[PDB]
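Contents: one structure, followed by commentary.
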2 protein chains.
Amino acid sequence: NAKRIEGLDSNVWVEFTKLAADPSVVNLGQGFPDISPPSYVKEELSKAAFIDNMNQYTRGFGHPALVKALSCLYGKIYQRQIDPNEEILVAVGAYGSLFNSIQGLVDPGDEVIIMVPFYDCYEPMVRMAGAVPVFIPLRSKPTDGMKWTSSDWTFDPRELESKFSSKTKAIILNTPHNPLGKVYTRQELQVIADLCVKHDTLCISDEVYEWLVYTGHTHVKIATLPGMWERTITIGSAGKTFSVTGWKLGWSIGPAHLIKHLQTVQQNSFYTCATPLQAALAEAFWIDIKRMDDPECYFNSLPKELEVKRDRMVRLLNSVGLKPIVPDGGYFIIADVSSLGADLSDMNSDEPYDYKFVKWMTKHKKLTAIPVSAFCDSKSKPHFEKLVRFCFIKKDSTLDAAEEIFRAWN
Amino acid sequence: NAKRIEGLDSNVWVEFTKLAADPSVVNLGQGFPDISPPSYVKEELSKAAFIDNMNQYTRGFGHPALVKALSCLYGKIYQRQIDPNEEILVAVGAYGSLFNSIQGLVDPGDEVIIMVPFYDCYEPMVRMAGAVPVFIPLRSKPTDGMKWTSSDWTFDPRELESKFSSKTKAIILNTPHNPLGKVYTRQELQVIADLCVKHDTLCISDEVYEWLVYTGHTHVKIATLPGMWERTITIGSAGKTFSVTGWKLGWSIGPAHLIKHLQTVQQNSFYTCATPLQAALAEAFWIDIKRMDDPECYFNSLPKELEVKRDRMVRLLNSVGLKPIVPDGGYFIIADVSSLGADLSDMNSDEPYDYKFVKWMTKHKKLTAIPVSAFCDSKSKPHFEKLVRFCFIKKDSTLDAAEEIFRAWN
Ligand SMILES: Cc1ncc(COP(=O)(O)O)c(CN)c1O
Ligand SMILES: *Cc1c(COP(=O)(O)O)cnc(C)c1O
Ligand SMILES: [Ca+2]
Ligand SMILES: [Ca+2]
Ligand SMILES: [Ca+2]
Ligand SMILES: [Ca+2]
């Protein structure tokens with residue numbers, strides 16, 4: 001094995017295969033939606049399949065129709081013109097987008113700042129590039145009293161400051177957050193912005209869940225703050241936008257001098273993404289772009305649907321004594337489990353508490369979830385191992401099945 | 001810009017956004033087929049599109065149905081049992097597979113041996129991993145007197161031996177060959193095998209055009225030669241097998257201790273490939289695997305269909321005094337361009353002769369093709385700069401259009 005991938009071979013998701021196996025569990029682990037994608041999205045792929053051309057090579061950096069659509073939509077959001085050719089790169093999901101960014105902008109020996117918990121792929125990506133991850137935890141503040149929420153989690157600005165040195169190449173932002181469901185405030189993005197301009201550093205911003213924010217919160221794009229356009233790469237994904245996760249298409253939006261470096265990586269790695277998926281997606285985007293103001297638009301209906309399902313989950317977890325953190329956005333809910341004193345002690349390995357809890361819950365209660373320590377570097381695990389994450393982008397029937405398990409819990 | 005991509009930003013194909021533009025001209029440039037894909041390939045995408053789960057995440061290293069099918073087809077070919085999970089890896093095209101091999105197996109300072117002309121991505125891939133490309137040209141032998149063919153090209157064994165040293169990590173082989181259409185012989189493959197065993201080095205075998213073998217030649221896989229299985233990665237593609245270049249799906253077949261390393265690269269880069277695409281591809285395979293002995297099998301029908309078109313091209317090229325090199329395989333044909341008139345000081349730079357010619361033939365004759373010098377290291381271009389590459393995976397209509405211009409050359 002090449003030196004660049006020394007000890008990058010284990011992967012949380014690989015390890016989680018033998019969990020979801022057994023047919024009769026209700027899987028609330030993986031971010032596998034089992035609702036239907038919008039009908040028009042399925043239809044458009046079918047339509048694309050029967051056109052010859054759309055089954056051949058398209059433009060390497062993205063299908064013209066797609067990049068046209070994206071530049072239209074994000075033009076609206078940034079309130080500025082987005083160049084479809086120079087300021088956008090279409091890649092294999094947000095994974096690929098992340099990988100482009102890091103591969104093309106981050107050198108060996110550079111520091112990259114990561115907030116914990118993080119989407120687990122951040123650490124190995126930065127490591128393979130020969131770069132050093134510098135970790136900083138999110139910490140809880142006190143509750144309003146009545147509710148525990150994603151918004152009761154923040155970072156210490158003075159702590160954050162001290163993580164930037166002349167060795168900081170970049171910071172990785174994830175709002176809405178996986179796994180907390182935190183929707184970063186303007187003030188919080190202002191602190192991060194301030195520092196990248198003070199230290200002349202990049203900001204990579206994972207914003208795949210941009211559409212999934214719930215009432216009382218607003219997705220704010222760091223890249224839109226003063227001084228940030230020139231220094232930010234902002235990521236987005238078709239799986240998350242169209243509930244079509246198996247399409248594996250994402251985009252990186254940012255300034256032409258940073259985006260060029262990502263395109264250099266792409267052309268030297270896989271080059272093109274599939275034509276029919278891009279063709280189909282372009283059309284979906286036009287369908288929903290042309291109706292952004294209406295409740296019908298998928299960018300509106302989907303959070304509306306999920307906010308309901310979220311609230312069902314707060315209750316189901318509360319019902320069994322699990323203490324949930326109600327998320328401002330996204331489709332994951334983190335629950336604290338330490339208040340059940342569970343009948344483990346005797347999976348005997350040196351796993352964190354939460355991997356154990358989930359194993360127990362699968363064998364005994366017929367339900368899977370993801371341990372939050374899967375999203376933490378070593379030093380961080382003990383400070384997060386009583387937390388367990390559940391996914392709610394599920395259809396009614398599934399959440400029913402979940403409800404049956406919780407009601408039968410004692 | 002990160003050091004690892006330094007001066008890798010020039011891409012040959014980005015540059016052929018030259019006079020590709022003019023709508024009037026017949027493009028025999030890029031390997032963009034305008035034949036229809038086999039109608040069942042299109043149906044299965046459509047069918048897959050309407051299944052909800054086929055639009056969500058699948059197994060990261062390859063859709064289970066697709067690896068099962070690859071396992072079955074290739075185990076017939078290899079005369080061995082191939083593990084679908086441990087010995088295959090589905091990647092975003094052959095491009096993706098190549099990148100997975102280099103990144104996963106090659107360190108800074110290794111030497112990788114490449115044969116010239118080479119498919120152009122081989123050079124910067126090896127460069128991006130900080131390895132040093134080591135070039136060896138293909139050379140002409142005296143012809144049989146009658147015609148010029150790909151089999152009249154080959155390499156000096158003693159010259160090859162001399163490129164092997166203790167710094168050699170791998171050799172890249174591409175049969176059938178792009179751009180000359182050379183089908184490597186058992187004797188030639190035996191030389192490469194010998195040196196790989198003797199020096200303990202990897203072979204990466206770009207076999208995308210494997211079904212495109214013409215009359216009186218046979219695809220043989222180096223991986224089946226004694227001692228090769230355990231040191232060979234053999235690459236395939238959907239775009240070539242099913243004339244569906246826009247699907248961007250390929251695979252690496254090899255031993256587990258090597259495949260595991262490609263998997264590490266994948267999971268830390270794009271992870272999962274498109275589900276609807278992979279589901280449909282598997283189906284397409286089963287259709288054809290079940291009828292191999294039959295002339296309807298796309299495997300048998302496509303090369304048969306294409307051979308006619310190859311000969312058509314040879315005639316057309318002869319008929320205007322371009323000396324065709326008749327290809328044993330794949331869908332590209334090189335013509336020696338040098339005994340024409342062709343004015344050429346109307347340009348006056350000293351970018352290579354074949355680029356000048358292609359610009360000339362585009363403007364003056366409304367026909368594009370690819371200069372062979374594009375596929376050569378700088379030291380090598382003088383020796384291939386009077387060579388031009390034409391693609392013939394085209395529909396009758398297009399070879400009619402081409403024949404109009406060849407009839408109208410003089
Ligand atoms: C020899 C060779 N290898 C690899 C590729 C890349 O193909 P894919 O689109 O499957 O990545 C091509 C493109 N025709 C090729 O000619
Ligand atoms: C699921 C997820 C991804 C992966 O995105 P794809 O577009 O499916 O490649 C990336 N980032 C975050 C924060 C995620 O939750
Ligand atoms: Ca090792
Ligand atoms: Ca502009
Ligand atoms: Ca600095
Ligand atoms: Ca050796």
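As shown in the structure tokens, the chain order sets the letters A, B, ...; within each chain, residues go from 1, and ligands are also counted from 1 in the order they appear.
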Please write out the residues within 7 Å of ligand 1 as a ChimeraX atom specification, counting only C-alpha atoms and all ligand atoms.
-> /A:270 /B:31,92-96,119,174,177-178,206,208,237-240,245,248-250
Would you please give, as a PyMOL selection string, all residues of stretch 95-126 of chain B that DSSP assigns to strand (DSSP E or B) based on the backbone?
-> chain B and resi 111-116
How many Å separate atom CA of residue A:390 from atom CA of residue A:356?
->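 Here the two named atoms are 15.4 Å from each other.
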Counting only C-alpha atoms and all ligand atoms, which residues of chain A sit at most 9 Å from some atom of ligand 3, and what is each one's closest atom pair with its distance in Å to one decimal, listed by chain and rising residue number, as CSV?
```
residue,atom,partner,partner_atom_place_in_ligand_line,distance
A:1,CA,ligand 3,1 (Ca),6.0
A:2,CA,ligand 3,1 (Ca),8.2
A:3,CA,ligand 3,1 (Ca),7.9
A:5,CA,ligand 3,1 (Ca),8.4
A:6,CA,ligand 3,1 (Ca),5.7
A:7,CA,ligand 3,1 (Ca),6.9
```
Export of prior selection with C-alpha atoms as a PDB file, in the first residue's frame:
```
ATOM      1  CA  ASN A   1       0.000   0.000   0.000  1.00  0.00           C
ATOM      2  CA  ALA A   2       1.091   3.574  -0.912  1.00  0.00           C
ATOM      3  CA  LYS A   3       2.427   5.635   2.020  1.00  0.00           C
ATOM      4  CA  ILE A   5      -2.933   5.766   2.660  1.00  0.00           C
ATOM      5  CA  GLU A   6      -1.123   4.368   5.755  1.00  0.00           C
ATOM      6  CA  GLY A   7      -3.791   3.567   8.329  1.00  0.00           C
TER       7      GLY A   7
END
```
Please identify the residues whose atoms come within 6 Å of ligand 6, using only C-alpha atoms and all ligand atoms, and report them as a PyMOL selection string.
-> chain B and resi 166+199-201
Exercise answer, 10 Å around ligand 5 with only C-alpha atoms and all ligand atoms, as a PyMOL selection string | chain A and resi 164-170+195-202
Neighbouring residues of stretch 150-152 of chain B were defined as those with any atom within 6 Å, considering only C-alpha atoms; residues of the same chain fewer than 2 positions away were excluded. Please report them as a compact mmCIF listing (two decimals) with C-alpha atoms, in the first residue's frame.
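This is the output file selection25.txt:
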```txt
# COMPACT_ATOMS: atom_id res chain seq x y z
CA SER B 140 7.90 -0.24 -36.58
CA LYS B 141 9.11 -3.46 -38.06
CA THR B 143 5.66 -4.75 -43.03
CA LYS B 182 -2.48 -2.81 -31.38
CA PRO B 327 -5.85 -1.66 -36.36
```
List all protein, DNA and RNA residues that have any atom at most 9 Å from ligand 4, counting only C-alpha atoms and all ligand atoms, and write the list as a ChimeraX atom specification.
-> /A:80-83,87
Could you write out the selected residues, including N, CA and C atoms, as a tab-separated table (two decimals), in the first residue's frame?
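Dumped to part-v4.tsv:
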```tsv
chain	number	residue	atom	x	y	z
A	80	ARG	N	-25.59	37.19	-6.47
A	80	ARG	CA	-24.50	37.59	-7.36
A	80	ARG	C	-24.47	36.59	-8.49
A	81	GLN	N	-23.81	36.94	-9.59
A	81	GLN	CA	-23.74	36.05	-10.76
A	81	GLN	C	-22.71	34.98	-10.50
A	82	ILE	N	-23.11	33.76	-10.76
A	82	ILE	CA	-22.22	32.65	-10.65
A	82	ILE	C	-21.93	32.27	-12.08
A	83	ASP	N	-20.64	32.26	-12.39
A	83	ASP	CA	-20.11	31.66	-13.62
A	83	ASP	C	-20.32	30.13	-13.71
A	87	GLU	N	-16.80	28.92	-12.10
A	87	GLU	CA	-17.09	29.00	-10.67
A	87	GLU	C	-17.86	27.76	-10.15
```
Nearest to chain B, chosen from A:376, A:45, A:225, A:25, with only C-alpha atoms counted in the distances =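 Of the candidates, the smallest distance to chain B is held by A:45.
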May I have the residues within 9 Å of residue A:20 as a PyMOL selection string, using only C-alpha atoms and disregarding those fewer than 5 positions away in the same chain?
-> chain A and resi 25-27+29-30+362+367-368
So, counting only C-alpha atoms and all ligand atoms, which residue among B:275, B:219, B:409, B:114 is closest to ligand 2?
->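 Checking each of B:275, B:219, B:409, B:114 against ligand 2, counting only C-alpha atoms and all ligand atoms, the winner is B:275.
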Exercise: residue B:37 partners within 8 Å, only C-alpha atoms, chain neighbours under 2 positions left out, as a tab-separated table (two decimals) with N, CA, C and O atoms, in the first residue's frame:
```tsv
chain	number	residue	atom	x	y	z
A	52	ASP	N	-30.05	8.68	-26.82
A	52	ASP	CA	-28.69	8.42	-27.25
A	52	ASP	C	-27.59	9.33	-26.71
A	52	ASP	O	-26.74	8.87	-25.94
A	55	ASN	N	-26.50	9.38	-23.12
A	55	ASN	CA	-25.74	8.20	-22.75
A	55	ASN	C	-24.26	8.23	-23.19
A	55	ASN	O	-23.51	7.24	-22.95
B	35	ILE	N	-23.45	5.78	-32.76
B	35	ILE	CA	-24.32	4.62	-32.82
B	35	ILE	C	-25.27	4.61	-31.61
B	35	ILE	O	-25.02	5.29	-30.63
B	39	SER	N	-30.53	-1.44	-27.33
B	39	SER	CA	-31.79	-0.89	-26.83
B	39	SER	C	-32.14	-1.35	-25.39
B	39	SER	O	-32.76	-0.58	-24.64
B	41	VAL	N	-29.98	-1.86	-22.94
B	41	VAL	CA	-29.19	-1.03	-22.02
B	41	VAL	C	-29.97	0.23	-21.61
B	41	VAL	O	-29.93	0.65	-20.45
B	42	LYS	N	-30.70	0.81	-22.56
B	42	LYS	CA	-31.46	2.01	-22.28
B	42	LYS	C	-32.72	1.69	-21.46
B	42	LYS	O	-33.07	2.45	-20.53
B	242	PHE	N	-20.55	-1.42	-23.59
B	242	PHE	CA	-21.95	-1.21	-23.98
B	242	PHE	C	-22.23	0.09	-24.74
B	242	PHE	O	-23.38	0.48	-24.84
B	243	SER	N	-21.17	0.73	-25.25
B	243	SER	CA	-21.24	1.89	-26.15
B	243	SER	C	-22.02	2.99	-25.50
B	243	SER	O	-22.84	3.68	-26.11
B	244	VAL	N	-21.70	3.17	-24.24
B	244	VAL	CA	-22.47	4.01	-23.36
B	244	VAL	C	-21.45	4.81	-22.51
B	244	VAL	O	-21.41	4.71	-21.30
```
Residues near residue A:19, anyone? I mean within 8 Å using only C-alpha atoms, not counting same-chain ones fewer than 2 positions away, as a PDB file with C-alpha atoms, in the first residue's frame.
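Saved the output as selection-v4.pdb:
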```pdb
ATOM      1  CA  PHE A  16     -21.279  -0.986  10.184  1.00  0.00           C
ATOM      2  CA  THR A  17     -22.158  -3.454   7.428  1.00  0.00           C
ATOM      3  CA  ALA A  21     -27.935  -7.232   7.844  1.00  0.00           C
ATOM      4  CA  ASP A  22     -30.783  -9.137   9.657  1.00  0.00           C
ATOM      5  CA  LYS A 359     -24.966  -3.452  19.417  1.00  0.00           C
ATOM      6  CA  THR A 362     -29.821  -4.196  17.707  1.00  0.00           C
ATOM      7  CA  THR A 368     -30.057   0.255  14.757  1.00  0.00           C
TER       8      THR A 368
END
```
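Across the structure, atom CA of residue A:88 and atom CA of residue A:274 are spaced 16.3 Å apart.
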